[PDB]
Structures are given as C-alpha cells and as structure tokens.
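Chemist: Below: one structure in structure tokens.
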Amino acid sequence: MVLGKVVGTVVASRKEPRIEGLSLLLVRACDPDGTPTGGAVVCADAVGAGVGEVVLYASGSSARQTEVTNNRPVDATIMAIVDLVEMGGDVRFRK
Amino acid sequence: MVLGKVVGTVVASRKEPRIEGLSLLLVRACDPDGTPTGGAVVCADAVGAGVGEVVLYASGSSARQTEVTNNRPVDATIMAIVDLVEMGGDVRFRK
Amino acid sequence: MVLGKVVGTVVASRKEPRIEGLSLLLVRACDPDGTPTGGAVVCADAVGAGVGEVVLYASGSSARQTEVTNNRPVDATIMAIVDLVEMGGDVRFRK
Amino acid sequence: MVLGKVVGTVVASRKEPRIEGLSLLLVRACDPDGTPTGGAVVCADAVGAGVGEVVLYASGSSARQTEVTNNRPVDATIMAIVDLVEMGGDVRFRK
Amino acid sequence: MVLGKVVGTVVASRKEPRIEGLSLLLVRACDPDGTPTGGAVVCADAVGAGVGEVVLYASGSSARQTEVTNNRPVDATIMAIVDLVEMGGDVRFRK
Amino acid sequence: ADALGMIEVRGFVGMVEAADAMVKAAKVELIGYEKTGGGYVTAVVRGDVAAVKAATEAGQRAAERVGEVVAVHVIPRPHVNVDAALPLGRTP
Amino acid sequence: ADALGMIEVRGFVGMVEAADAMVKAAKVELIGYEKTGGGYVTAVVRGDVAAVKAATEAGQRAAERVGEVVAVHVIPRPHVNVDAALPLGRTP
Amino acid sequence: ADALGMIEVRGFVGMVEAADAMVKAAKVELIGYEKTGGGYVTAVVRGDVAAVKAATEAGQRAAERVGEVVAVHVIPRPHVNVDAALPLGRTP
Amino acid sequence: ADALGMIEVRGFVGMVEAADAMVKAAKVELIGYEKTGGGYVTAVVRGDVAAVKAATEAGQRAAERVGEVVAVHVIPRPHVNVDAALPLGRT
Amino acid sequence: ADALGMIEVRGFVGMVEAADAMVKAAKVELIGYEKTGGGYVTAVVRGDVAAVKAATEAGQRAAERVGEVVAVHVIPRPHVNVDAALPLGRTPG
Amino acid sequence: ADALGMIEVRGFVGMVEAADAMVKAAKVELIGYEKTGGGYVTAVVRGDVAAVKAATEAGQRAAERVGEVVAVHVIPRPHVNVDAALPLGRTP
Amino acid sequence: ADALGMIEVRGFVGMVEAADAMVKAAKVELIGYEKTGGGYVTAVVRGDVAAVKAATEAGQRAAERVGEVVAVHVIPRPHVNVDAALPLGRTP
Amino acid sequence: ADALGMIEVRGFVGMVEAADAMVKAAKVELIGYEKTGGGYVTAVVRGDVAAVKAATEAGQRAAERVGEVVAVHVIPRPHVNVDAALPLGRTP
Amino acid sequence: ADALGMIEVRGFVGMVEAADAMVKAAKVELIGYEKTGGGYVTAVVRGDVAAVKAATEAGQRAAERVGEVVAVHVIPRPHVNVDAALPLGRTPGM
Amino acid sequence: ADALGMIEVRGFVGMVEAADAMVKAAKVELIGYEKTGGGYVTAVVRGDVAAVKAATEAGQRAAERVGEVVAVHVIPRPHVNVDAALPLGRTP
C-alpha cells in the first residue's frame, strides 16, 4: 500500500462484466509531501475518491479483500483517503 | 492494473494444454496519451483485443479471477478496452 | 520483507472499515546501516512500532497471514523490530 | 508472464524435497528480437525447454497452477515455447 | 525465484510469534559469477543456509507453500543451495 | 445532442452521492437537479455516451448503499424535440 | 473545499435536533437545509472531514430519539462540478 | 475504424424493426445487411463503441417482440484485415 | 503451400467474431468467406502452420461464445491440386 | 480547542501501552495522566481531531491485547468551561 | 530510548519478588514502582529489549508463585513523548 | 532447430503407415527408422515444431487403425549433444 | 573418474525424452546408448556428480510422461576396472 | 557478562547441527562443547543476549529434525562465580 | 571448506561398515570417529556436498543390515566457527 494522488479517470465500455459499476481511477504515487512523483497506474475506487485527492491504493491478491472487489479481477484498489501525514513530528501534509 | 497499448502477437506451439485456445498478446505500458513508454509484457486476452488498441491488463494473483483463465497458469490478463482517459479535466485519449 | 526504517505516520478518517483501528505507518527501506535508501511505502503495524525504529515489513499476499490483517485488504505489514544486523561478523546496527 | 531466453542451468543438491526432480533453468527477458536485455532470473521447467530457446515464464502466486509445481514452493515457471512474435504484421522472431 | 549470495544475518527479538525460531537472513542477488549485484533483501531459512553460500530465495505468496513456513507470515524464503551454474555450456561457478 | 443520464432517488442524500459518484467516475457535466415533489429528486448528467454509461452504472451502485433508488436510465441520443421542451440543459 | 455531511428526516423536528447536535459535536458550519417536499427535509453541514464523520453519527444518534431518520452519509470532498450545481453552501 | 454491431434474425421483418430500433437508439450508421440464405438475415451497424453496444442490446429488445433472435455480438474494433475482406462498409 | 484453417458457422455473426478473433491472434491472412446457403457460412484463413493452429483454436472458443459452430479444421499442407481447384485464395 | 481523547484502564500497564500506541499512531500530544484511585488509571491525549480519533481507536485494540479497558471516548470540541476547570492540559494558566 | 518492562500485581509482595527476579535474570535497571491505589502496584524496569523480554517472563514466572499477576507487557522502545510525561525514570 | 517427431510401434506395418501419414500431413522430413529389436521399431521425423506436432498426432490416429501404438512424442528442439550421439539424421 | 548415470526404458522414445531432458538439466556429456535387444534400450550419461544426480532425476520424471521406465541409477565413483571393461565412454 | 546458551543432545549429530545452526543464525561465539558421557553432548554458545536467544530458538527447532534434544536453556546474566568455576569459555585468566 | 557427513551408530561395527561403504560410494575423505561415550560412536566424512549426500544414504542403507543406526545428517557448508571448535578435520 503506497501513498498516491488521483490524477484522472479511465472509462472502458467493453469490459469483463463482473466489474461494471466499478470506478476506474488513475493514480500516481506521491512523495510524502503531496507532490506527485511517479507513473500512472489504474485502480478501482471503494471509498469514493475524486480528482485531487490523496489516497492509498493496495495492490495484488489483497486488493480483492473488499466487496465490490471480491472474486472480481483487480490487482490495485483504493482503501483510504489521506487526512494528514506526519514525519518526525512535523506535519508535511494536511487537507 | 496498468495502462497499455497492444503491440503484437505471440504464437507458441508447445504450451501447457490447460492454456490452449488462449489468445496471447504483447503489451507495453503507456503514459495516458497512447504513447507506449515501457517494456514488452505478455498477457492473455479475454475481451478480444486486437493490435493497436489501448487496454487495461491486470496482473498477478488476481489476473486469474476471470473465466477462460481460472486455474490456468497465467499471471497477467487483459480486462477492458479504454475509450477515454481524463487528466485534470482534459481528455488525453479518445477512441 | 526488507530492512525498513520507520519515518512517519499516515492518518485516514474515511477508510475501508475492515481495517479501521489499524495503525498505519510510513517506512523507507534502509541499507543495513540505518541509512534510509528508498521510496516511502505504507504498511500497517502489528507490533507497536514507533518513529525512528528499524523494522522488517513483509509485503504482498503473505502480509495478511497474521491476525488483525486476516481477511483485511493489506499488502504490507510490520512483523519485527531489528536488534542487530550482522555482516561477515561485524555489527552494523545496534539498539 | 514475460518473454525470455534461456542462458544456462542451475543445479542445487540441498533443497526442499517437495521440489526434487524439477529442472531448474536460468532466463533473461529479451526484446522481441531474441536480444536478451535484463537480469538473470531462475524458473523451473514444465515444457522441456533447453538452452537457446525463447520461453515465457509466469511468476508468482499463479506459477504453481500447473499440475507439477502444485503445492510446491515456486514463484516462476516456464509455460510455452515461442515460435514467432509478430509486431504490426512483420515477424521479429522465427525458428 | 532468483539466485543470490548470503551476506549476513538479521536478529529480531520482538516479532510475530508464528515465526519464532526462524532464522532471518540477508541476501544480495548475484550474477552467475558469484559477484553480488543488487540490494539487500531479508528471507528466512528452510534449508540451513549460512554466510557465504549461494542460494535461491523464492518470494511472495508462494514462499509459504513449504512446511515450517505455511500459515506463517513470510514473503521471502530460501529453498536451495546452489552447486554450479552453466552458461552456454561453460561452468561459471563452482562450490 | 449530448447524451443523457438520469438517476431518481426518493431521499435527497441518495441523489447527491449518486450525482457525485457519477461525476467522479467519468468526464461528465452535472447539469442540475429536478424536484418532482413528494420527496422524489432526480439528478441529470450529460456528456459523451461512454462517459454517461460509466457514470450511471457508478451512481446506481453508489446510491443503493444509501438505499431507495427509484429509477435509473440513460438516453444516448435525445430527440431534438425533447431538449427543446424539457429542462435537461442543452436547451437553446 | 470542505467536506459534506447530510441528514434527511421525514419530520421537521428531527432535522433541527439532528442539526443542533452536529454543530455542538465538532467544529463544523451549518449552512442551511433543502426541503425535497413530501415531508422529507435535509440538513447540510460542511467542514473538515473527520469532524463531519464525527458530527453526523452524533446527530443521527440524537435524532433517532425523535422519529425516523431516512439516511446519513458523508462525502469527504465533493467533485468540483457538484458544488457548482447544488445548494451546498460552497457555490462560487 | 469504428466499432461493429450485428443482429441476425431468421426473418426479414425482425431485422427491419431491429435495424430501425438501432439507429433511433444512438449515433450509429446503418450500412446494410448480408443475406446468408435459408431465411436468416443480418443487420450491420457501425459507430463508436459504447454507442453500438447501447444500440444493439437496445435493438435486440425490439426484435424479441416480433420473433426469435439468432445471435447478437459487438466487436469494438475489427482487425484491419477483416474490414478489407468482408462487406462491412469500411472497405478501401 | 501456406497452411489452411477453416471455420463453419450457422449464422453470420458467428463467422465474423470467429473470423476476427482468428486474425487478431496470429500472423494470418483472412482470405474471404464462402456462402453455401441455408445460412451456413465458412471462414477461410491461410498462413504459416504454427500461426493457423493458434488462430483456429482461438476462433473456435470465440464463436462458441455466440454458439453453434458446425466444424473447425486445419490442414497444414494442402495438395497442389486443391489450391488450384478450390476458391481458397493461393491459386 | 484541541480535540480530546481518553482511555481508562483498570490496571496500569494497560494505560501505558494505551498511551504509547496512541502516540506512535498519529501526531498527538500526550498530556499527562489522571489517577482516580482504586487502581483505575486514565490516559489523556489531545491534538487535532482526525489524529486523536485515529489514535484512540488504535489504543483500544492496543489495550485489549492486555485486557481490561474500562472506558474509551473522544471529544472533538470541548466547551471552553471544561478546559478551564479540569486538568486536561490546555487550560489558560 | 531504552526498552520498557512492567509488572503489575495486586500485592506489594508480588511486585518485590517480581523485581528481584527480573534484575537477577538479565542486566536491567529498576526505576521504581508506581502505586495506582486500590492495592494494585506496578514494577518498572528498563534496559535492552531482549533482556527485558527475558526479564519479565522470568519475573512473571517467579511472581505467579506468590499471588495474582494482573498484566505484564514489554515496549521495545517507548515513543519520546511518553518518557517525558510518565514517571518511567527516563524523564529528561 | 529441426524439431523431432517419433512414433514407436510393435509392428513394422504400424510404423510405416504412421510415417506415410506424417509426411502427407505437413512439411516434415523423414530420415529413417531405428530397430530397437524384439519387434519394436521407431519412425523418426524432423522439421519445424508445429508441423511435427500436427504431423505426429495425425499418425498415432492413423496407426491405431492397424494395431497398438506404443509411444508418440515430440521434442521442439533437441539439445545439441543428442543429435551428435544418436541416429536422428542431423549429425555433422 | 567422472560419475555415471543410466536410464533403461522399454521403448525407444522413452530413452530419448529421458536422454534429452538429462542433457538440458545440467552440464553432462551424453555418451551414447546401448541396445540390449528385445526393445530394451539404455541411455548412458556421464559428468560431474551433482549434475548427473540432478539430470538423472529429471529424466526419470520426464520419461514417466511416456510410461515404462525400467531402471534409473547413478554411480558416483565407478571403479577404474568398470570404465575400462564396459562401453561407458571414459575408457582409455 | 556475555550471555550463555546451551543445547544438550543425546546423539552427536544433534549437537553439531544444533551447534552449527546456532552459529549460522546470529553473531554468536561457539565456545566449545562438553561431553558428560552416556552419549549426552552439550553445545555451548556465548555472545550478545539477543543473538544467542535467537540462535537458541533456531537450534532447538533445527536439532528436533534429527530428534532427541534433552534440554535447551539460555542464561542472560551468568553470575561471575560460574564462568570462573566452570569451563564455559569466558573464564578469567585466558 | 567442504560439506560434512555424519552417521551415528550404537555399535562400533555399524560405524565401520558405514565408513567403508561411504568411501566406496563417493569421493569423500574419511576423517575419523568421535566417541561420545555410552556406546554411541560417530563417523565423520567431508567433501563436496553432493558426494556426502550419496555417501551417507549409501551407509545408512548399508549399516542397517548390521544393527540399528541412530542418526544421519549432512551439512553442506559448516559455519567457519564450528571447524575451529569441533574436531571435524578441517581444523587450523
């Protein structure tokens, strides 16, 4: 599970039917300051994340441990909406 | 699950028979522009994708949570055909 | 599982409830000197680790093979507090 | 699952007996030309690949889903012997 | 599964009890020459490996498909002690 | 004419989260809302077809977690006579 | 900008008591209410996320004493397009 | 170029209502039909992917009123080699 | 002579998805289709041997997902007299 | 006023582990502790809301692993008269 | 920032024998004891982590002979803020 | 390199038809046969892999009409050391 | 003296796939084969000990896929008198 | 004073594998062994506390795969009088 | 530097026959025997890892004929500290 800032949304119309209604989002990992620094990866939403929000996306076999993602084919999913990030006693991110 | 542009096809004649009839494709991860920027990775088709299409291929333990893959030995499979990709409110890709 | 050094904490208020009450930490992989040399990665605590402590966090499908992380969606969790690191017979880290 | 060219063999005499009789091979991923461009990685054979052959080695939780290597400890296994790899309609590899 | 040369040992006294008595090791991946070329990674022993031995350490969800490591939380484990590495037909490494 | 997506929820909180999740899921223009009285509220979204179809499917699943959801429907190409006589935005 | 909290009651009283309990619970700003007709009314609060999350579940708790409570939901950060189309006291 | 939508009916009538229903549903271009002999006839439409998918499975509904429906499928992007060898109106 | 793969489907939708998926799977030349009446249509592909066998087997699974499928067959080396006497392209 | 989180444990070891696990889990200021006699001990924490409410939830499960746990509660906005009359730290004086 | 070990007995004696047993087992430093009132008292030791880990489970065993043992826990490295606010003999 | 196809029959006839059927099936190169004694004989073919795979599994079917079929196997690319020590007609 | 590995299979195909797979698994020199008549064939491999011991085990598992397999054995230190008196290669 | 870890095994192979795995598992000094006869052999390790106690736990589990194992124990702070009166390595005047 | 091989017999004879069979089995260097008292004696061999593996498991089988065999184990590479403290004939 890695810090990340949502960047955009992806829409597929011809897809495996098990996933319809899933919200596909585009996330780039961000340094622990909120400054996005990484490559685009897609993941489904389970918390209602929108553009400009900082999230945690879990990946792999454990990205399915939630309804709306059970025996569905997903290897990356959101599970949190960050609220503040501490480092050594000095806050580096707020919301 | 990662953005991707199909690049080519792979043909194997001696393969594990549990997998025969599966359609093998060659994908490179791309930035959200349709501009392929990565290394070639193979994955099986489940939606009937063709050369030159931008797709989403999920990977790993959850790449088998789809029929015509379930309990087959495969660690990356396609699951969608992208139609548009938003970034900050401006479309970077269309069909 | 990698010689990680704790750096900070992450706080989510809207999170998948299956994980609520879990303590989320921010870890950077370090060389066996205590010198953090890597990117920030998030993982949940199961050992009561604090900031500035050297830990091992296991990752992926096997990071849930522990209570308070069972059917939960987690791909990395702490599982140890390092005490000394040997290399050829010379202590590189102490407590 | 990634393209790969065998380079050599690895022989271990002290192993978990669950793995005995398996044939260990050494593979590097190649560009779709037969040009190896990567680091050496090991995987077990289940198709009878030999030196100089181009293969696909699947990895991870799905590398055990192949009759052999079942409840065996293996995170990388061969599953195919390529015959040609097309790109845009012009063959880049033959036999 | 990747060949590797052991470099040192890690000692944790406060750890998830399911693994107590397990021996934690530090491995750096090496090219088939014995020349380590990678980053330090920790993995538990199941083969009785010591410092200076060349090993194969499997990783991830399939690193538990071995006794004394089953329902334990571990994402990297040893499974072999190398004895020789062929490359194109000429031995590059011996015990 | 821009496509048409609609979600009708008996509550009100149902509409908003349905409206919101529709917006967060695709390139859509949220156009307003329509109160038919009696508690019934209707959110109206419009945009490209493939975008609405993804937003709609998202809103249905998102409002049901609150409950209700009376009706959920998507019109790909509204007739001109509709867009001229009804308050769905794209009215000249 | 601010988060969103909504409580929807089939009775005018519940909304007031639900509202008062919310403001008294955390640093949140009550902005107004939206009458959807047919009985149902809805209180709307906005502020930082965790206060609202703690605000609502303190109002629902204090409003369930009076009568029925239709729905309770919290949006941490509404999409930009919503605030511009719905009366959520963050319109430009 | 564009996507592909097909409906195949054991009756000339079913296809017409199936054809008419498709064009009226979304922005699609009706290109023609191929008589395979022995009754069976086939409708062919082309257009954007989600429009076709939403057109056909909205047309298929309109043929079930009249009679049996043999097959329904949607190709989002036919291989370049197909369009050049089969009469699907995107031939060079 | 280049190999030969054939798929015969009762419908027309059956052929296309079978015909299409055959091309998308390997280096094959989709050569046309032959209407024998009664609804029966047959798709014909030709190319290298190893390619057809993967495309054919891939198309079979793709058409069955629509249903029907009468016959599916692959000839590696057609006799010289066939390609000259039958409308299979390579004449 | 800064938020408020509290944990009351019948033992004492419970409070400490509750106190720590609250601190290690978020940016919060451990403000002291209050002994009500009879063995019952109470840890008092204060900080921004989202931090306390997350730390407290962590302390609960952290004390449960030892046992006991008498009470666990979180106050986001104390009225001014509380912080002025009771020893919760933030008192103007 | 050394480790922490605590033993809590419903009897003054249990703490004492627990203290002596801990010091004799490994090199740890006794800081004192904290009377929480109502009988219960708590022994506090501090030192290297594994020594405490071996100290407690050597003290707990030696205290179970005398009477009840409420709780026993070991913190490998208490957060800096605790040591400054609790009487654990590491206050600056 | 040249793959290899082998069929092993307990009868000289079974091997023959299997060979004839194989050459007629695909572009494969027949090299000969090796008498292992005691009845059993073995046909050996060689060529590209998929032709052989499609050739062999056409002989096994065509030899079972005559009698029993002992063994059938296909190696995609024999190791260099094999061809140099065994009579598989690719010897230097 | 180089070690010794042998596999005896009733067929012929059994030997090859076993013989081949023996070579592909480690640095070993396939030395030839010796026909005992009656169909029985024996593959003879020789090389370093750890290679033979691993290569052999691969052929055993690899020949089973055809069936049969009579005997499979590995001699680490053949007496000097053997290699000189038997057709196992390493003879002077 | 250096810690103390001990393993007593009825066999001999038991001691070695137990002795070895204790050394390979942490930075500990294998200090010798003491044969009390009757087949009983005891491996003696000494080093930092957390190292022995981790090695000890490893040898116990590692010797059991051979069997036997009579006793396994670890003393964190041996009294000065022991190391002076018993042949456990760290004996003064060496 | 080399591996380790051990066989432990409750009888002087078992070790001897175990010893003789081991040297005859692989290239190993017999070092001696260590009398643990109480009957039990132990054979010690050393050499490359794979040789020991085939040496021991050739003795275990060959020693069970004479009497009982207590234990058999193989260390592929003993830690350097062992050879310096135990009489395993690779001592300084």
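Chain labels follow the order of the structure tokens: the first chain is A, the next B, and so on; residue numbering restarts at 1 in every chain, and ligands are counted from 1 in their shown order.
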Kindly assemble as CSV a list of the chain J residues that lie within 6 Å of chain G, each paired with its nearest atom pair and their distance in Å to one decimal, using only C-alpha atoms, sorted first by chain and then by ascending residue number.
Modeler:
```
residue,atom,partner,partner_atom,distance
J:50,CA,G:50,CA,5.2
J:76,CA,G:26,CA,5.3
J:77,CA,G:26,CA,5.0
```
Chemist: Keeping N, CA, C and O atoms for every residue in the selection just given, could you write it to a file as a CSV table (one decimal), in the first residue's frame?
Modeler:
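selection.csv was written with the following content:
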```csv
chain,number,residue,atom,x,y,z
J,50,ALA,N,-8.7,14.6,13.6
J,50,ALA,CA,-8.5,13.3,12.8
J,50,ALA,C,-7.4,12.5,13.4
J,50,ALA,O,-7.4,11.3,13.2
J,76,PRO,N,-14.5,15.9,20.4
J,76,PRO,CA,-13.9,16.8,19.4
J,76,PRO,C,-13.8,18.3,19.8
J,76,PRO,O,-12.7,18.9,19.6
J,77,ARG,N,-14.8,18.8,20.3
J,77,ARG,CA,-14.9,20.3,20.6
J,77,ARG,C,-15.4,20.5,22.0
J,77,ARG,O,-16.6,20.7,22.3
```
Chemist: Write out as a ChimeraX atom specification every residue belonging to chain B that has an atom at most 6 Å from any atom of chain D, counting only C-alpha atoms.
Modeler: /B:7-12,14-16,41-42,61,73,75
Chemist: For segment 72-77 of chain N, find every residue with an atom within 10 Å (counting only C-alpha atoms), except residues of its own chain fewer than 5 positions away, and show them as a PyMOL selection string.
Modeler: (chain K and resi 23-27+50-51+54-55) or (chain N and resi 1-9+42-50+52-53+56-57+59-60)
Chemist: Quick one: residues within 8 Å of residue 10 of chain G, only C-alpha atoms, excluding same-chain residues fewer than 2 positions away - as a list in words?
Modeler: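 Here the qualifying residues turn out to be residues 8, 12, 14, 39, 40, 41, 68, 69 and 70 of chain G.
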Chemist: Store the residues picked out above, limited to C-alpha atoms, as a PDB file, in the first residue's frame.
Modeler:
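File written: part_13.pdb
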```pdb
ATOM      1  CA  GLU G   8     -32.506  13.541   5.969  1.00  0.00           C
ATOM      2  CA  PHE G  12     -39.016  18.985  10.500  1.00  0.00           C
ATOM      3  CA  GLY G  14     -35.622  15.637  13.569  1.00  0.00           C
ATOM      4  CA  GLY G  39     -42.358  15.666   4.307  1.00  0.00           C
ATOM      5  CA  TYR G  40     -38.671  14.917   3.890  1.00  0.00           C
ATOM      6  CA  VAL G  41     -36.200  17.698   4.740  1.00  0.00           C
ATOM      7  CA  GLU G  68     -37.356   8.092  11.775  1.00  0.00           C
ATOM      8  CA  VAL G  69     -34.056   9.040  10.122  1.00  0.00           C
ATOM      9  CA  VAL G  70     -34.017   8.277   6.386  1.00  0.00           C
TER      10      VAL G  70
END
```
Chemist: Taking every C-alpha atom in sequence order, what RMSD do you get when chain F is least-squares fitted onto chain O?
Modeler: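 Once chain F is overlaid on chain O, the RMSD is 0.5 Å.
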Chemist: Could you work out how far atom CA of residue 74 of chain B lies from atom CA of residue 19 of chain B, giving the answer in Å with one decimal?
Modeler: 8.4 Å
Chemist: What's the separation between atom CA of residue 84 of chain K and atom CA of residue 40 of chain C, in Å to one decimal place?
Modeler: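 Atom-to-atom, atom CA of residue 84 of chain K and atom CA of residue 40 of chain C are spaced 28.9 Å apart.
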Chemist: List every residue of chain N that has an atom at most 6 Å from any atom of chain E, and for each one report the closest atom pair and its distance in Å to one decimal, counting only C-alpha atoms, with rows sorted by chain and then by increasing residue number, as a Markdown table.
Modeler:
```
| residue | atom | partner | partner_atom | distance |
| --- | --- | --- | --- | --- |
| N:24 | CA | E:50 | CA | 5.1 |
| N:25 | CA | E:23 | CA | 5.5 |
| N:57 | CA | E:21 | CA | 4.5 |
| N:58 | CA | E:21 | CA | 4.5 |
```
Chemist: Quick one: residues within 12 Å of residue 13 of chain J, only C-alpha atoms, excluding same-chain residues fewer than 4 positions away - as a PyMOL selection string?
Modeler: (chain J and resi 8-9+17-20+39-43+62-69) or (chain K and resi 4-9+33-36+40-44+69-75+86+88)
Chemist: Taking the DSSP secondary structure from the backbone, can you list the residues of chain G that are alpha helix (DSSP H), as a PyMOL selection string?
Modeler: chain G and resi 12-25+49-63+80-83
Chemist: Which residue, O:46, O:90, O:79, O:61, has the smallest gap to chain C when you use only C-alpha atoms?
Modeler: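 Ranking O:46, O:90, O:79, O:61 by distance to chain C, first place goes to O:79.
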Chemist: Give the strand (DSSP E) residues of segment 6-71 of chain K, as DSSP finds them on the backbone, and put them as a VMD selection string.
Modeler: chain K and resid 6 to 9 29 to 35 41 to 46 69 to 71
Chemist: Write a file of the just-selected residues containing C-alpha atoms, as a PDB file, in the first residue's frame.
Modeler:
```
ATOM      1  CA  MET K   6       6.334  -3.559  33.563  1.00  0.00           C
ATOM      2  CA  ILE K   7       4.743  -5.986  36.013  1.00  0.00           C
ATOM      3  CA  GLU K   8       1.527  -5.199  37.885  1.00  0.00           C
ATOM      4  CA  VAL K   9       0.491  -7.164  40.983  1.00  0.00           C
ATOM      5  CA  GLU K  29      17.796  -1.204  35.748  1.00  0.00           C
ATOM      6  CA  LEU K  30      14.942  -0.880  38.218  1.00  0.00           C
ATOM      7  CA  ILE K  31      13.470   2.633  38.126  1.00  0.00           C
ATOM      8  CA  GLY K  32      10.953   2.357  40.917  1.00  0.00           C
ATOM      9  CA  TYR K  33       7.312   1.478  41.393  1.00  0.00           C
ATOM     10  CA  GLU K  34       4.037   3.308  40.825  1.00  0.00           C
ATOM     11  CA  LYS K  35       1.154   2.932  43.264  1.00  0.00           C
ATOM     12  CA  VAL K  41       1.166  -1.578  42.198  1.00  0.00           C
ATOM     13  CA  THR K  42       3.487  -1.824  39.201  1.00  0.00           C
ATOM     14  CA  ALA K  43       7.180  -2.630  38.863  1.00  0.00           C
ATOM     15  CA  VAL K  44       9.093  -0.771  36.144  1.00  0.00           C
ATOM     16  CA  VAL K  45      12.389  -1.917  34.626  1.00  0.00           C
ATOM     17  CA  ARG K  46      14.266  -0.565  31.608  1.00  0.00           C
ATOM     18  CA  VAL K  69      -0.392 -11.237  38.355  1.00  0.00           C
ATOM     19  CA  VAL K  70      -2.633  -8.688  36.617  1.00  0.00           C
ATOM     20  CA  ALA K  71      -0.683  -7.809  33.477  1.00  0.00           C
TER      21      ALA K  71
END
```
Chemist: Residues within 7 Å of segment 31-41 of chain I, please, as a list in words. Count only C-alpha atoms; anything in the same chain fewer than 3 positions from it doesn't count.
Modeler: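 Here the answer would be residues 36, 37, 38, 40, 85 and 86 of chain H; 8, 9, 10, 11, 12, 15, 44, 45, 46 and 89 of chain I.
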Chemist: Using Å and a single decimal, report how far atom CA of residue 27 of chain D sits from atom CA of residue 28 of chain B.
Modeler: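 We find that atom CA of residue 28 of chain B and atom CA of residue 27 of chain D lie 20.2 Å from each other.
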